[PDB]
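Let me begin by presenting the structure, written as structure tokens, before commenting on it.
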Ligand SMILES: [Ca+2]
Ligand SMILES: [Ca+2]
Ligand SMILES: [Ca+2]
Ligand SMILES: [Ca+2]
Ligand SMILES: [Ca+2]
Ligand SMILES: [Ca+2]
């Protein structure tokens, strides 16, 4: 920066910049690259506190340690003060970082490592993967000293030495014959006695099993609910509440049929046996569309076989991966795009499972980290869509709703299991050949299909990836996505990620390859996992799209919430409107 004979000498970084005090033009010859000078000035903005010695400045530039407030950090440390795993700053889950290159580009926010662009006083910090914890300072070693920013106190798992373990075996029959003194709901609200007026009135009018033990006030399961035991409470009529227990991790897989012998070879097509749909709900209370659910009028009723229907056969050579293409119009009559009231913003997806009931993920209504809190007049639904940019009045309908029921056991803290939410249509949609509810299978039907070798059909518009993650380069495609996802068995599913595979979830997706990231993070928030049944000639919904692990880290599968256990729960809502 002086000694004009040194102006005959082209400036260097390590020379004029660190040790001397290089100008921006000196720094410029001293780095050439524009991004190099960008990072250079970001550091020097954060590294005036470490200008000298050269070790201080170099350690502040590199960022593999903590200097000053540590916003210059660029190391590998992905562990907070309390030890909660760091959230990737590209993934908006759990806590959506509005802080990126748009707000404070200098901090140069990395893949998963801690970052302090918004100048938190706690030192370098990272969004905690825990939804109950937004940020947290990390154990970032101080530049020039054997000191980390925070003493390492990881969140150790619960100690089993201080907890009294229950030695009761996990209750079968879904708590039908439970005898314990638990007379309060899952979260502690006490259940009324069955001798009370409302509980007795509900037992008299309902088809509650007599063999199921009807105790004074304890929550029971006389209707054969698969979600667990339950009870009614006083207040608004029809209120239902579970009473959580030591329920086993139960899946439809572990039941051995008494009619399907050991002859599993050469899958046999149904011999002129069209299944009579034994209706499970009453048409007066559940509404229309029950009997003829899940049939495309222009495809199955018109005898038109779609291109990718034959691709559901697992007998394909190695089951070659199917890429979702420009779908035919109206192949998904029950999918609904849930937009925000104003402005028109594609927020979530939902399933029109009946003529007056809509199933959507509870995440579409409440998630504390993203600050979403919805009322009745804050959302609109659009049913029968093919392209979002056009309102094709020729097919779709624009609707509002009138009531929404939140699943009581919605626990967003740990794993978003039981991601359940029901909605009632304010304006019933006139029947059409392009709109049709999808059937909800029973346990036996789902078990048969999983044992029938039919691959599922996953529908989505690609909003899942952009909602969960913020990668740039692949905007929203202009056509609907429909893919044939084979069912993944439980072992590879559990081994794929550290998130517990809860009792209400199963697997789906392709098997990933080395270097070739699959399409497991395609779809919409709150979407259904649809499958085809050659045994019933109809389509079924089995899973709800939950938070996918394929969006955060490479090579992950799809994990989705069980829905075939909802039937006994479903009645619990419709009697709230059938009284
Ligand atoms: Ca110089
Ligand atoms: Ca000089
Ligand atoms: Ca000069
Ligand atoms: Ca120079
Ligand atoms: Ca020099
Ligand atoms: Ca030197």
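Mean residue ellipticity at 222 nm from the helices of the chain, using -39,500 (n - 2.57) per DSSP H segment of n ≥ 4 over the full residue count, to the nearest 500 deg cm²/dmol?
Values: 9 runs with 70 residues, N = 579.
The helix contribution divided over the chain gives -3000 deg cm²/dmol.
Classify the range 346-488: rounded, prolate or oblate, from the alpha-carbon gyration tensor (a ≥ b ≥ c, eigenvalue square roots; a/c under 1.5 rounded; otherwise prolate if a/b is larger than b/c)? Write down the numbers at each step before the final one.
Working: a/c = 1.13, a/b = 1.06, b/c = 1.07.
It is rounded, given that a/c, with a ≥ b ≥ c, falls under 1.5.
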Item to check | Helix axis angle, 34-46 relative to the chain longest principal axis, alpha carbon, degrees | outcome: 80 degrees
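Let a ≥ b ≥ c be the square roots of the eigenvalues of the Cα gyration tensor of the range 254-305; is it rounded (a/c under 1.5), or, if not, prolate (a/b larger than b/c) or oblate?
Details: a/c = 3.21, a/b = 1.39, b/c = 2.32.
Note, shape of the range 254-305 comes out oblate.
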Next on the checklist: Within the range 482-514, list the residues whose amide N lies under 13 Å from a label point set 7 Å along Cα→Cβ of residue 313.
Outcome noted: none
Item to check | Nearest-0.05 FRET efficiency for residue 344 and residue 102, computed from C-beta distance (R0 25 Å) | outcome: 0.65
Checklist outcome for this item: From fewest to most C-beta neighbours within 10 Å, the residues 247, 127 line up as 247, 127
Checklist entry - What is the list of residues in the range 201-233 whose amide nitrogen lies under 19 Å from a point 7 angstrom out from the Cα of residue 500, following Cα to Cβ? => result 227-229
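At 0.36 nm per residue, and after removing the present C-alpha to C-alpha distance, how many nm does the segment from residue 76 to residue 402 gain when stretched out fully?
Values: separation 326, 0.36 × 326 = 117.36 nm, distance 4.99 nm.
Stretched out fully, the residue 76 to residue 402 stretch lengthens by 112.4 nm.
Given R₀ = 22 Å, what would the calculated FRET efficiency be for residue 432 paired with residue 387, taking r from the Cβ atoms and rounding to 0.05?
Details: r = 18 Å, r/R0 = 0.82.
It comes to 0.75.
Determine, from the Cβ-Cβ distance of residue 443 and residue 36 and an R0 of 60 Å, the FRET efficiency 1/(1 + (r/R0)^6), rounded to the nearest 0.05. Don't jump to the answer; show the numbers that get you there.
Details: r = 62 Å, r/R0 = 1.03.
Efficiency, from the Cβ-Cβ distance: 0.45.
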Next on the checklist: Starting from 0.36 nm per residue, how many nanometres of slack lie between residue 236 and residue 411 once their C-alpha separation is accounted for?
Outcome noted: 60.7 nm
Item to check | Radius of gyration, Dmax [the chain; alpha carbons; angstrom] | outcome: 28.6, 103
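Mind ranking 527-534, 32-39 by how tightly packed they are, going by the mean number of other C-beta atoms within 10 angstrom, highest first? Could the numbers behind the result be given before it?
Values: 527-534: 24.1, 32-39: 12.4.
Going by the mean number of other Cβ atoms within 10 Å, highest first, we get 527-534, 32-39.
Beta carbons within 10 angstrom, averaged per residue: use that to sort the peptides 195-204, 182-191, 540-549, 256-265, highest first.
Numbers: 195-204: 13.8, 182-191: 15.8, 540-549: 24.9, 256-265: 7.4.
The densest-packed peptide leads the list: 540-549, 182-191, 195-204, 256-265.
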Checklist entry - What is the distance in Å between the Cα centres of the range 34-111 and the range 292-324? => result 50 Å
Item to check | the chain: relative contact order as a whole-number percent, Cα under 8 Å and 6+ apart | outcome: 11 percent
Checklist outcome for this item: When 181, 443 are arranged by how many other beta-carbons sit within 10 Å of their Cβ, fewest first, they go 181, 443
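Percent relative contact order of the range 199-271, based on C-alpha pairs within less than 8 angstrom and at least six residues apart? List each step's numbers first, then the result.
Details: 48 pairs, mean separation 11.9, N = 73.
Contact order relative to length: 16 percent.
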Item to check | Additional length obtainable on full extension of the chain from residue 249 to residue 325, 0.36 nm per residue less Cα span | outcome: 23.7 nm
Next on the checklist: Residues of the range 215-232 with the amide nitrogen closer than 13 Å to a label point 7 Å from the Cα of residue 203, along Cα-to-Cβ, please.
Outcome noted: 215-223, 231-232
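Any read-out appearing in this document is the output of simple, stated calculations on the displayed coordinates, not a laboratory observation. We place every Cβ from the backbone using ideal geometry, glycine too, and count neighbours over all the protein chains shown.
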